[PDB]
Enquirer: 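The structure follows.
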Amino acid sequence: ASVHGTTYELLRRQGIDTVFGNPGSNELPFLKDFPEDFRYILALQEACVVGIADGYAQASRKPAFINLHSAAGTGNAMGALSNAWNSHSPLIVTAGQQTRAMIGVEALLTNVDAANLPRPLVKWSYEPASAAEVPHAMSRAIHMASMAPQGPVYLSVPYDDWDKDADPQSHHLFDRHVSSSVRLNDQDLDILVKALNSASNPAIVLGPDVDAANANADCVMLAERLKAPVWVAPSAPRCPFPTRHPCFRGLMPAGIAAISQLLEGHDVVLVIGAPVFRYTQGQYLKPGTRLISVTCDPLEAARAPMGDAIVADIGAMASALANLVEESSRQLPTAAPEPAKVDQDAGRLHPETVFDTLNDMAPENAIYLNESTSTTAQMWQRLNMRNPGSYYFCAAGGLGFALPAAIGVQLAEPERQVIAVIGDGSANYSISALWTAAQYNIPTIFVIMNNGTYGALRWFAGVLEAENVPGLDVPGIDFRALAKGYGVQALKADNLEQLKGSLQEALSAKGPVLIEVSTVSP
Amino acid sequence: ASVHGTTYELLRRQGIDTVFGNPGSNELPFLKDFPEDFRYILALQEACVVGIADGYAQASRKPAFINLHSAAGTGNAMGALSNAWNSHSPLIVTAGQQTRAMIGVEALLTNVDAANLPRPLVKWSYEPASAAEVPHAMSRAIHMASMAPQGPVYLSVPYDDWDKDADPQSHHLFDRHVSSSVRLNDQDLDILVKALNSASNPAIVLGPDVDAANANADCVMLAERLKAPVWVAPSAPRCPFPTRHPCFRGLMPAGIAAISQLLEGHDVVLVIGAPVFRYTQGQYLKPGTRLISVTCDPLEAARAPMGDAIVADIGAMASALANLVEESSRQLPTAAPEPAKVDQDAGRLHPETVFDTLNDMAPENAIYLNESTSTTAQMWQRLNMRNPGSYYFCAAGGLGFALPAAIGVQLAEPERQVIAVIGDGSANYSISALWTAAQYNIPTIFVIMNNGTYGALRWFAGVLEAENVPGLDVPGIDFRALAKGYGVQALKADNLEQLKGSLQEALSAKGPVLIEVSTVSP
Amino acid sequence: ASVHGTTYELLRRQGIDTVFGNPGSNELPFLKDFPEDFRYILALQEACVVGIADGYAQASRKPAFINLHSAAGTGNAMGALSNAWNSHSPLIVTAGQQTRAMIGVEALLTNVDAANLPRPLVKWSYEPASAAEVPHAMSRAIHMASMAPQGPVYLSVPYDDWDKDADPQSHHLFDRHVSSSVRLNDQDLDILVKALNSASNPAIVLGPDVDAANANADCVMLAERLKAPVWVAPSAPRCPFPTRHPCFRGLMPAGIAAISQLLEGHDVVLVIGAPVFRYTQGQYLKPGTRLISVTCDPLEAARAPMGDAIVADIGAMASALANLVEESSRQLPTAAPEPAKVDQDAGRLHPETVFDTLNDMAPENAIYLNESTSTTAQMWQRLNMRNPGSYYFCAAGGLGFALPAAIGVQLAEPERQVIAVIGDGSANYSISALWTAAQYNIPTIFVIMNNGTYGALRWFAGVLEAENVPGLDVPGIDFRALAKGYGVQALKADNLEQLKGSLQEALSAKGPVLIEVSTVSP
Ligand SMILES: Cc1ncc(Cn2c(C)c(CCOP(=O)(O)OP(=O)(O)O)sc2=O)c(N)n1
Ligand SMILES: Cc1ncc(Cn2c(C)c(CCOP(=O)(O)OP(=O)(O)O)sc2=O)c(N)n1
Ligand SMILES: Cc1ncc(Cn2c(C)c(CCOP(=O)(O)OP(=O)(O)O)sc2=O)c(N)n1
Ligand SMILES: [Ca+2]
Ligand SMILES: [Ca+2]
Ligand SMILES: [Ca+2]
């Protein structure tokens, strides 16, 4: 067998059948004779390629496979890898290298010091020392991406390796199953469970790794048994809990002081599947509050400024806890009141109005993506997200995620309507991703919130009283024309009447639709 | 509180009371006002400093703390860190940096690009962005070193940080407890246990992480219940099993083909706490053999060329398995026959004779270190090692480990006699370590096997029929004089009579003793 | 031709005939069939191997070739590479890697992420992607080490590459000549020369790159024509000027303020072949002082906090300047007065007495090395060093340089008596280097200054008024016994009478000699 043949067999045997890519000459010997059972998803730029794969991986809860071209293609994707690093997305990033004989002289298209290029944003980065090693190296990549804590990995492969003979002993790689489905030992788990049972006023904080693990339902049970309020850790990349459940208390403020005050009065705070904490912009905890973190990531456990930590699989830990804890006789928290309806005239739309309307009209199993940076708090308060996998927001804050990721999520969840709510500033970073939705008829709905400015930046500047900051406005962009350019149906909504009409049309459409919404300026 | 004060409090609260070091000006603001409850172990070279700390950490099964001087001191230790990386030794390596104001201009003693220096041989490498961050960074270092898979870590700290005010919120770091004591979920563990119960001819292979976890006794029980033969994974850095137990089958050959043949006929092979495999110098497995690996290290799981893998804590997994598996009705393996006594005249000593004599004379709870590279196989067959923590051998093959490490082990185990058996070639790499044993009266016994050559290299050259290789001989070294130079009592053994007499004296001595033994030349 | 054959031909064609090394299995296919015209210098530890090569390279003013074993051997040398980085020493460091087929599984002796190991202390670090590339990669290494600014480089080569067929087109590598012998363009050089001619009170500061370039004589002429005082840049790794020349003003203090005061009153300060500046422990310049730096290193030019800079070859620039500048009518500086003779009784020796005696007795073309850290200022004032290449001191401050480097210098300069003056603390770092001097009969003289303490550290602690610092004393070392251990003749000097007698004997000896001198304690 050839290295090409053996590698594609390893991929399929390991559950991979889709390649997200933008092609180049170094990759042609890999892409040629493309297997009939494989499917190739083309995107026009590497940030888009990885963003689509990322959404696909996160929604599917399985590794996604990416193929990029050398240094320039890999480099074009590194902003996307920054998000993937912080969302623990299992991405197998492969890039083609020059033929081995051409690397030394540094011929055009040579990826110099390839493995160092993607660092520090990868779990593992490698270029094999010989063609026959490629399947073993690919096996390593697959498992490194997939083991907890999941994350992106990088494999650089010389052009000429693919046609070479593979080692027959490579067949041992095909069916390797590696498990990181582990939880705290019985003795220590019993101690933890007793600590929870003994809490007088426990609180639960949940992060993106709960949703990644599909531990949402186990967390609901856990919160019901402990009769404990539940918050989502700040800077949330996913939604780990039903947002209308009686126990749900919403998205935490990202401030250090704000969080300590929020947790004050709670004797035991159980954090699950979140960093402690993804702060932004001053006590860590107030006296009386004990914090215990369950995390799949040693790096998270190491850097928490407070609390005990357990490094384990979130799915295994959530299931164990939900089933071991006693049913508290305490009264179950009462549901948070519905958010107020904001005054809206017949002019430009307040973001609050857009989210209310989306909540009114979207299916109950819709999936939302957020890259409307100044409206996040309102979005969380106004969308009823009952199901797991219902929310994605760039984990590292890297704009250009939501647009391509929404396409990947929709590809992964063909039966759930994806609605990406993206600001006019953010829409540009990965605008070319629209083409992929059009070409493959992936029916994502893109809601562009157009207020003509980088709103979140103006706000921040405003709080700091920072004057004379350049570059905060982005006037003069026609999103209907951009959508048309890439073959996506386009609508505009200058008022509520038009918003409702556009959504009605979009929600009945057979392909992707972009709606440009005129929103109020800050 | 000062950063100095807060950092030493973090250390002691985290169980650290000993600093292994070689001092420099960048480190003086850290070392000054040295706490009365702390103890400072000086070594004359950085390879020795880290080697001593490594032995200390491995024997104590807890992190060791190291303080080195800038780039030159850190660099002098990186060969030692290569061993530590492969033995999963929890070493907290700190190095002093220039004052922040002097880094830019690159004043003398500046550690340029400090964090990159120790990579890739560390789990974590860091230089804090400000003085107040130092305790948090130290907290990160402590936990990164200690979490499974354990390993060395590096922290670079500017001179001037120590006297600065610490953040009062740093007190939250003091009592943080982080656990990686996890094992496979109940459901999947039950499946594994059924697979073991169902095996017709199971075999067990154990690596250094068993001994690190003190899982030895649980592994004995596991092997007795399964009635299974037990081997030690190749290139063994530690001894994970009693070498005279009926089930014990010895050290595996490091060859790929050799191991597949050894495992042939065994339907299920359970590997615990070892890489799969640390080969040297050709099927991975023969048909009929299924391999399952339990490892604390994702990197090990990823790179195994065959078998399933479970990434979990070795102590937790060994205990769970030993207690869950059924008692097989199969007949317990019978003990391997004692090794033959080799012909010995009244002249130079055959290594076989030295090990027999050591086994005859040493206490039953002796601890051995090996850096006699051409005699390893004989050592394993001839020393009865009943207890855990009884054997150490450089995990990466880096010579200069055993001599200092034997001092650290003896410091950690004051009641167990340490006997380091070290070749004449290997003895030189970290010769200056002798001084530390002398100065602190650490009563290690050093047995120098002197055959005047790099024997293992001559052998290897011989197998390859490689001719005209320079640099394989090391004549003209007087180890009694070197020992005298560093203040260690010294004896010579030119024959068996003298070997017995020297050992009798050494085993009754009140301080360190070096015995130079004249061994047969290859 | 084989890769082995082609590589050794490339080496010899490029002027390399000596390999400094400590061998291992990964290196045997390289070392076997060792060419008859090549010579192999064995050292017992890697810090010693590189230190010897470093001294050899610096004295010979040509690249030295090193061969080390994998990660552990490379790591053992990185402290030595820190010195080499700061002295711009052209060292070609090669290390053997596992066979290509064994790298992936990570067999014993695998150098993981090899190229990253030596960074950031190398100009260039590489592992070839195939056997046939090895000669081209070696060509790259040779030229990278040799081009200005010279420095160490690293090449990692898999075991199995050596026996493979070489590309016949590799013959084009053999006679490649690369030049960096460049200087400022005529127009700008004329401007510089006019600036020097126009100076009313010019000063010259010279660094190690002058001595490396053998630009010493041109600098003398330059200083005579400009009638300008000449200082040596602080933390001096070499001596760039005759120390008794009328213009010579000695070693600069390393303080920022100290240097600005020293240069005050000088309208133009010309720095040649030095970083600006290698400070330690506050105006950079005082008003009225203009600084112009000529440096072979862009990194030096970039990081100078003041002055203009020209990045050019020091030899070419010094020659051009010396020949272009006008002969100033100013009166030539008068020679600095001889240093005072310090009171000396019949007891322990004051360092001042040792240096006076050395100056009295040593040949006028002696070469000195310094690693007696508390006596540097006295050494500079008391040794008359008339010739180039007469002084070496660890460029990065990394102790363990002088002892092995003195052996390499003596090997490079067989007709010039090398005298290494090394403190009792420093002597231990690379003590095993003594063996190489003994084995190859390299007649270096080692003067051990024994005061029982890390004197420079006690002094520094004293200035900072830092109390309770551990680890500053090193009692109980017998240097005569250590020398005996490694086969070097040994003498002791407890007083002046014995010092003179020992030196007389050493200076008449036919082999290496170590003299242990009892010096006054701080
Ligand atoms: C790749 C990238 N570039 C720049 C930014 C900085 N940035 C920028 C440019 C923001 C404004 C986004 O504007 P928008 O129109 O998408 O949304 P709002 O008007 O609601 O803020 S939010 C923010 O963090 C970023 N986060 N990521
Ligand atoms: C730091 C380092 N340098 C070089 C080697 C290479 N090497 C060397 C030099 C060996 C010979 C050790 O000789 P010895 O006298 O200690 O023992 P034997 O004579 O029994 O082999 S074994 C081996 O792998 C190494 N492993 N580690
Ligand atoms: C490799 C390394 N380790 C530690 C130091 C720190 N250090 C040490 C340990 C010094 C004392 C050297 O003592 P000595 O006996 O050689 O000389 P003095 O007594 O004259 O200082 S000078 C100094 O910078 C260093 N520079 N390099
Ligand atoms: Ca906007
Ligand atoms: Ca030997
Ligand atoms: Ca001293």
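Letters A, B, ... are given to chains in the order of the sequence lines, protein chains preceding strands, and every chain is numbered from 1. Just follow the structure's listing: the first ligand is 1, and inside any ligand the first atom is 1.
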Enquirer: In chain order, what residues pass the side-chain hydrogen bond (donor to acceptor under 3.5 Å, both in side chains) check against C:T74, with sequence neighbours excluded?
Expert: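 Checked C:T74 against side-chain hydrogen bond (donor to acceptor under 3.5 Å, both in side chains); matches are C:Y154.
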Enquirer: Any donor and acceptor pair, going by atom type alone, linking the side chain of A:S430 with main-chain N or O of A:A47 inside 3.5 Å?
Expert: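 No, A:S430 side chain to A:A47 backbone: no donor-acceptor pair under 3.5 Å.
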Enquirer: Counting N and O atoms only, with roles assigned by atom type, does the side chain of B:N450 sit under 3.5 Å from a partner on the main chain of B:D424, one being a donor and the other an acceptor?
Expert: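 Such a contact is absent between B:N450 side chain and B:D424 backbone.
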Enquirer: Going by the rule side chain to side chain contact (heavy atoms under 4.5 Å, CB included), which residues pair with B:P237 if we only count those two or more places apart in sequence or in a different chain?
Expert: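 If we apply the side chain to side chain contact (heavy atoms under 4.5 Å, CB included) test to B:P237, skipping adjacent residues, the hits are B:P208, B:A395.
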Enquirer: Looking at residues at least two apart in the chain, or sitting in another chain, which of them share a side-chain hydrogen bond (donor to acceptor under 3.5 Å, both in side chains) with A:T453?
Expert: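 In terms of side-chain hydrogen bond (donor to acceptor under 3.5 Å, both in side chains), with neighbours along the sequence ignored, A:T453 is linked to A:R458, A:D473.
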Enquirer: Near ligand 2, which residues have a heavy atom under 4.0 Å away from one of its atoms?
Expert: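 Shell around ligand 2 (4.0 Å, heavy atoms): B:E371, B:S372, B:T373, B:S374, B:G397, B:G398, B:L399, B:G423, B:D424, B:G425, B:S426, B:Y429, B:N451, B:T453, B:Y454, B:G455, B:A456, B:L457, C:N22, C:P23, C:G24, C:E46, C:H69, C:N76.
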Enquirer: Nearest 0.5 Å, what's the OH-CG distance between C:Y429 and C:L399?
Expert: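 Here the interatomic distance stands at 5.0 Å.
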